[PDB]
*Asks:* 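Sharing a structure with you now.
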Amino acid sequence: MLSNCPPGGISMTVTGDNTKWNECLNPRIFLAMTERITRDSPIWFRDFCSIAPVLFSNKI
Amino acid sequence: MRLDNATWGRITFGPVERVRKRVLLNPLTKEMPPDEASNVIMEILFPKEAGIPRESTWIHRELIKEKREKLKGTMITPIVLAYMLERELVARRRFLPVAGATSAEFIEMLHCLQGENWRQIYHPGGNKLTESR
Amino acid sequence: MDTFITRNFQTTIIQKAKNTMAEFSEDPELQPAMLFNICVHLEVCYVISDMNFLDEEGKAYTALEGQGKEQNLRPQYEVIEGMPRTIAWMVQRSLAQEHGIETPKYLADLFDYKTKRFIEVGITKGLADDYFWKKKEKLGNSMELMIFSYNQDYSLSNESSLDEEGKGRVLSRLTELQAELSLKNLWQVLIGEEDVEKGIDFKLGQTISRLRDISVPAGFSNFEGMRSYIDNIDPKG
Amino acid sequence: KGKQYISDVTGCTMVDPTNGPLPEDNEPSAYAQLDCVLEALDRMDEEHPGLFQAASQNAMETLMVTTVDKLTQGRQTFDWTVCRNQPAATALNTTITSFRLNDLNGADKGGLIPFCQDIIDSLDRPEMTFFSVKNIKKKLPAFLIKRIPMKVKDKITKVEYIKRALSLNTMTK
Amino acid sequence: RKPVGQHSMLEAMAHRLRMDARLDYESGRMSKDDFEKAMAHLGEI
RNA sequence: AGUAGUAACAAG
RNA sequence: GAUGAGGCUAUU
RNA sequence: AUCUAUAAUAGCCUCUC
Ligand SMILES: [Mg+2]
């Protein structure tokens, strides 16, 4: 990143943490992520990968 | 023995640039991947319940015999011998910061070889491979 | 279909054939022909394995009626097939280790103590010699193999280890099996080459399907709509 | 601010913030947009051709060669039969025995896929029979209470089992 | 090494013990009486 | 009392 | 009553 | 050129107010 800085410009680093990381992430978004990632997989594997986000969406 | 039959050179003070590389921790006379080593150990110690005679073991067949010669009448628990064989065969490779000496004989002394501001000349005992030279 | 197999072959034979197929991951219903082949192979294996017994002097002798159970101590032949892969491999490795012979690369069907050899018994539908040579291609001499055929054609190995009575009995049993399956109109059932691609199965039940259906973001009625939307729509911009 | 409804499987109150209204301030927000997530994933895929396919193939192979005993490698795990925490191996063995009670023998096949299929099917069983731990209390003068646990058969309904399977046991770190 | 098999532990142990007894008898490790006792016990199991 | 700190111990 | 993941370490 | 390959248990470090 330092070498890739445009000549004469400025490079700035942000040290950051995410607030309420766990409270705000949604299992439905993870189900969508799993569906997108396993696009070219057999149906059985897609269902298997979808199970866990489904279980987390209905967690008690 | 490698530590004892070793010579120590001068210690120098100055900048040392260390790069993090995946290096072997301890020297091994014979090195094979964990699956091959496990197959060889099973053949040596538990030939009866060894399973399929994998062709990958062919190269080591002679070695197995040798080991079966040494452990024919050993009253030691088989698991301890198996882990001895794993120590002698299976390789442990870790990411460590090194500077100009990556041979396993030097990685053993890595804590004493150098820091970030000093270098220690070390001559390990034993023998060194022609490839390393 | 399966009624004939259940009636003719004993419970142990069918159980062991089913276990072997499960080990090989083949559905018995989709491939009953393989079930029948394994059953007949195990039947011939046991028939040959139940024809000699080692004596106190280590010599084979035949069996007959009127003999007590105590007399039959150790069989002449040890059966390898019809057993779980792990147990059979352990048996073969133990025999090889204790008889000073290298372990053959492939699992055997029987072991003979008199000659201390591994026997690969095979059943062929075509020429016996052709199948014998094809099986010879693998190892050849490391495992003396003998082939039987449905046309009363046999190819015994170089070192014969059985008498004519046993071979005749095996051939007669095979012929009786052929006759009963022919009169029952099952030969065409087995001859058919019907083996479609088979893969892993993971089906979803009612409860999990409904849980997934209600586990979708707002704007989707069910999970099928979600999957179609994810697969097809372009989210660019 | 998301969609609130009642779960038809368990009867619980469900809140769905996905695809919800965009935040109007800087407070924490769970209203992720599916379209934006998919766009980010598409960007990741096109920066890394074949990455998703390769990862899915590798995961599929690993799952295909994975055994049930892999579930024994965890720490204290929630046991639904006793509704407590037990070592991962203990919880797995108890679940396997309970499934054997309820005509669910997938674990015998050895692989993880049959066991997970067994779990899915167990979610559908109208009634669940298992082994639980019951304590007998005795009065030891000093008076103190002495607890003797023992194994007893127990039964729960479909909804109770479903809720237990979805339950998370909470503690303090 | 983790043992592998879809069969019961009892069956594997029984077959292993049967093989051990037979090979000991053939190698002379076990005499007649002990082999008979082992065979009877295995058959009972 | 005290320790301690959003909840506990100060025996069961 | 003490969880998930990653890295390193010791032992069987 | 270490990329491969790698059983289990335990510990230490890192990652809602
Ligand atoms: Mg930070």
Side-chain angles (χ1 to χ4, degrees), chain A residues 15-27 30 52-53 55-56 59, chain B residues 19-28 30-42 45-46 49-51 54 56-57 60 76-98 102-104 107-108 110-111 129 131-132, chain D residues 27-30 58 61-62 65-79 82-92 135 137-147 167-173, chain E residues 1-4:
Chain A
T15 293
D17 40 339
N18 294 126
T19 188
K20 336 303 315 202
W21 181 254
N22 277 353
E23 267 96 320
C24 288
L25 287 176
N26 204 260
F30 285 135
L55 295 179
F56 283 136
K59 62 188 172 295
Chain B
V19 300
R20 270 142 181 111
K21 299 290 182 182
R22 192 168 185 260
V23 295
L24 185 66
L25 293 183
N26 300 107
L28 328 165
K30 180 119 168 207
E31 158 172 356
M32 31 176 107
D35 40 312
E36 285 213 346
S38 181
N39 284 337
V40 168
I41 291 162
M42 284 293 290
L45 294 173
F46 321 104
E49 57 252 86
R54 300 291 183 178
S56 178
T57 292
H60 316 302
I76 302 163
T77 184
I79 190 63
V80 160
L81 301 173
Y83 285 139
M84 170 200 74
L85 292 167
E86 243 150 40
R87 220 147 46 231
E88 165 163 18
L89 293 174
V90 172
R92 280 216 290 170
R93 289 190 160 82
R94 300 289 183 275
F95 263 89
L96 295 167
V98 296
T102 71
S103 156
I107 301 306
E108 290 191 320
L110 192 65
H111 57 288
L129 296 52
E131 289 210 337
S132 293
Chain D
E27 297 292 355
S29 104
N58 260 70
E61 280 140 20
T62 299
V65 315
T66 293
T67 65
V68 179
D69 57 21
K70 165 64 74 55
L71 301 176
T72 66
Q73 272 146 247
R75 304 266 147 168
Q76 286 297 102
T77 295
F78 177 66
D79 202 342
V82 291
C83 280
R84 265 208 327 275
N85 272 8
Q86 301 210 107
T90 304
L92 178 62
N135 280 324
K137 294 177 181 177
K138 182 178 177 182
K139 304 298 187 178
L140 184 66
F143 41 77
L144 310 182
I145 306 180
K146 184 180 180 183
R147 296 171 175 171
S167 282
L168 296 155
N169 212 10
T170 58
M171 66 278 316
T172 335
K173 170 163 215 36
Chain E
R1 193 201 263 300
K2 296 214 273 194
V4 179

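Chain A is the first sequence line, chain B the second, and so forth, proteins listed ahead of strands; every chain is numbered from 1.
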*Asks:* Within the structure shown, what part of the strands sits under 4.0 Å from B:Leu25 by heavy-atom distance: base, sugar-phosphate, or nothing?
*Replies:* sugar-phosphate
*Asks:* Would a 4.5 Å heavy-atom cut-off, applied to side chains only, mark B:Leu85 and B:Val40 as touching?
*Replies:* no
*Asks:* Measure the distance from CG on D:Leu71 to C1' on G:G4 and round it to the nearest whole Å.
*Replies:* 14 Å
*Asks:* Tell me the interatomic distance from D:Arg84, atom CZ, to G:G1, atom P, rounded to whole angstroms.
*Replies:* 9 Å
*Asks:* How many Å lie between CZ on D:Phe78 and P on G:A2, as a whole number?
*Replies:* 12 Å
*Asks:* Given side chain to side chain contact (heavy atoms under 4.5 Å, CB included), test D:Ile145 with D:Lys139 step by step and report yes or no.
*Replies:* CA-CA 5 Å; D:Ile145 306 180; D:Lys139 304 298 187 178; 4.0 Å; yes
*Asks:* Donor-acceptor check, side chain of D:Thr67 to backbone of D:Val65, threshold 3.5 angstrom: yes or no?
*Replies:* no
*Asks:* Say you pick atom P in G:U11 and the same atom in H:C3; how far apart are they, in whole Å?
*Replies:* 25 Å
*Asks:* Within this structure, what is the CE-to-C1' distance between B:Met84 and G:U11, rounded to whole angstrom?
*Replies:* 16 Å
*Asks:* Distance check, P atoms only: H:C13 and G:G1, in whole angstrom units.
*Replies:* 23 Å
*Asks:* Show the nearest heavy-atom pair for residues B:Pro78 and B:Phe46, with the distance to one decimal.
*Replies:* CB-CE2, 3.4 Å
*Asks:* Over how many whole Å does the gap from A:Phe56 atom CZ to G:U3 atom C1' extend?
*Replies:* 12 Å
*Asks:* Looking at every heavy atom in both B:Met42 and B:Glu49, which two are closest together, and how far apart are they?
*Replies:* CE-O, 2.9 Å
*Asks:* Applying a 4.0 Å non-hydrogen cut-off, can you work out what A:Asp17 is touching in the nucleic acid: base, sugar-phosphate, or nothing?
*Replies:* nothing
*Asks:* Please find the pair of heavy atoms, one from B:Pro97 and one from B:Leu110, that lie closest to each other, and give the distance.
*Replies:* O-CD2, 3.7 Å
*Asks:* Could you tell me if the bases of H:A7 and H:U6 meet the stacking criterion, namely six-membered ring centres under 5.5 Å apart and ring planes under 30° to each other?
*Replies:* no
*Asks:* Less than 4.0 angstrom between a side-chain N/O of B:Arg87 and OP1 or OP2 of G:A10, yes or no?
*Replies:* no
*Asks:* If you look at every strand shown and take non-hydrogen atoms under 4.0 Å, does B:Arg92 touch a base, only sugar-phosphate, or nothing?
*Replies:* sugar-phosphate
*Asks:* Between H:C17 and F:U6, how far is it from one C1' atom to the other, in whole Å?
*Replies:* 11 Å
*Asks:* Taking side chain as C-beta onward, heavy atoms only, is B:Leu25 less than 4.5 Å from B:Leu96?
*Replies:* yes
*Asks:* If a stem is a run of at least 3 consecutive Watson-Crick or G-U pairs, both distances under 3.5 Å, which stems include RNA chain F?
*Replies:* none
*Asks:* If only side-chain N and O atoms of D:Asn85 are considered, is one of them under 4.0 Å from the OP1 or OP2 phosphate oxygen of G:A2?
*Replies:* yes
*Asks:* What's the shortest heavy-atom distance between D:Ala30 and A:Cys24, and which atoms?
*Replies:* CB-O, 3.3 Å
*Asks:* Just by protein heavy atoms under 4.0 Å, how would nucleotides 5-12 of chain F read 5' to 3' in B, S and -?
*Replies:* -------B
*Asks:* When the distance from NZ of A:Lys59 to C1' of G:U3 is rounded to whole Å, what number comes out?
*Replies:* 16 Å
*Asks:* What is the distance, to the nearest angstrom, from the CE atom on D:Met171 to the P atom on G:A2?
*Replies:* 6 Å
*Asks:* Mind checking side-chain hydrogen bond (donor to acceptor under 3.5 Å, both in side chains) for D:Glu27 and listing every partner two or more places apart, or none if nothing turns up?
*Replies:* none
*Asks:* Give a yes/no on whether any side-chain N or O of D:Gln76 is located under 4.0 angstrom from OP1 or OP2 of G:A2.
*Replies:* yes
*Asks:* Taking syn as any angle within 90 degrees of 0 and anti as the rest, which one fits G:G7?
*Replies:* anti
*Asks:* So, north or south for the sugar of H:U6, given that a negative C1'-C2'-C3'-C4' angle means south?
*Replies:* north
*Asks:* Near B:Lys30 NZ, under 6.0 Å, is it more than 12 heavy atoms from other residues, nucleotides or ligands?
*Replies:* yes
*Asks:* Reading the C1'-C2'-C3'-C4' torsion of F:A7, is its sugar north or south?
*Replies:* south
*Asks:* Identify, via the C1'-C2'-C3'-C4' dihedral, which side the sugar of H:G11 sits on: north or south.
*Replies:* north
*Asks:* With the side chain counted from C-beta on, respond yes when B:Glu108 and B:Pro27 share a heavy-atom pair under 4.5 Å apart, and no when they do not.
*Replies:* yes
*Asks:* Work out how far the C1' atom of F:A1 is from that of F:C9, and round it to whole angstrom.
*Replies:* 13 Å
*Asks:* Kindly give the heavy-atom pair with the smallest separation between D:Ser167 and D:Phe78, and that separation in Å.
*Replies:* CB-CE2, 3.8 Å
*Asks:* From B:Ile79 CD1 over to B:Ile41 CD1, what is the distance, rounded to the nearest 0.5 angstrom?
*Replies:* 9.0 Å
*Asks:* Is there side-chain contact between D:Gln76 and D:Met171, with heavy atoms separated by less than 4.5 Å?
*Replies:* no
*Asks:* For each nucleotide in nucleotides 2-9 of chain H, reading 5' to 3', give B when a protein heavy atom comes within less than 4.0 Å of its base, S when such contact involves only the sugar-phosphate, and - otherwise.
*Replies:* BSBBSBSS
*Asks:* Given the rule that a pair is Watson-Crick or G-U wobble with both distances under 3.5 Å, how would you write RNA chain G in dot-bracket, using | for pairs to a different strand?
*Replies:* ...|||||||.|
*Asks:* Using a 4.5 Å cut-off on heavy atoms from C-beta on, say whether the side chain of B:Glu31 contacts that of B:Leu24.
*Replies:* yes
*Asks:* Compare every heavy atom of B:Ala37 with every heavy atom of B:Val90, then report the nearest pair and how far apart it is.
*Replies:* CG2-CB, 3.3 Å
*Asks:* Rounding to an integer number of angstrom, what distance separates F:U3 and F:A10 when you compare their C1' atoms?
*Replies:* 9 Å
*Asks:* To the nearest 0.5 Å, what is the distance between OG1 on B:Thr77 and OH on B:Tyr83?
*Replies:* 10.5 Å
*Asks:* Check the distance between G:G1's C1' and D:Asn169's CG and give it to me in whole angstrom.
*Replies:* 9 Å
*Asks:* Any donor-acceptor pair under 3.5 Å linking the side-chain atoms of E:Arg1 with those of B:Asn39?
*Replies:* yes
*Asks:* Looking only at atom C1', what distance separates G:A10 and H:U2, rounded to whole Å?
*Replies:* 24 Å
*Asks:* If the sugar-phosphate is the primed atoms plus P, OP1 and OP2 and the base is the rest, what is the B/S/- string for nucleotides 12-17 of chain H, using protein heavy atoms under 4.0 Å?
*Replies:* ----B-
